[PDB]
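The next block holds one structure in the form of structure tokens; read it before the comments.
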Amino acid sequence: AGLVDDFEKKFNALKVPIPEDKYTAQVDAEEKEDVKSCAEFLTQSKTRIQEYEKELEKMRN
Amino acid sequence: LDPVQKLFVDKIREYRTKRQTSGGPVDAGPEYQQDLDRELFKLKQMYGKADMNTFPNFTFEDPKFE
């Protein structure tokens, strides 16, 4: 019955570490490439749009 | 363990004599020891030849999708 005890203690006291993070740039190398999207492509894209709609108005006129 | 007293008295008496001995519980006998060692092998095959006095442990990993 010694065995039960020995393995008991070692096992029950033991905690093995959660398979560990290596990468967390995902969030980041995105959210920065999401700015890459926004500011960089937002601005250029919105500024273009304005010229279109600006000529149409007068073209509706 | 126990029934018919007329045989049983003697028969059970001899069985206890076994327990009341420590050159084996009265003896053992080669024949048993040979089979024991065999059977002990086989059941290790039954559940793999690791020793479950210890438990397993694992390892960890990750990769990038894009």
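Just remember, in the structure tokens the first chain shown is A, the second B, etc., residues are 1-based per chain, and ligands are 1-based in the order shown.
Residues of chain B lying within 7 Å of chain A, counting only C-alpha atoms, are residues 53, 54, 59, 60, 61 and 62 of chain B.
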Would you please extract all alpha helix (DSSP H) residues from chain B, as assigned by DSSP on the backbone, and give them as number ranges by chain? B: 5-19, 30-46
Neighbour list for region 2-17 of chain B as a PyMOL selection string, cut-off 12 Å, only C-alpha atoms, skip fewer than 6 positions in-chain: chain B and resi 23-27
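Distance check against residue 64 (chain B) using only C-alpha atoms: of A:50, A:12, A:27, A:61, the minimum falls on A:27.
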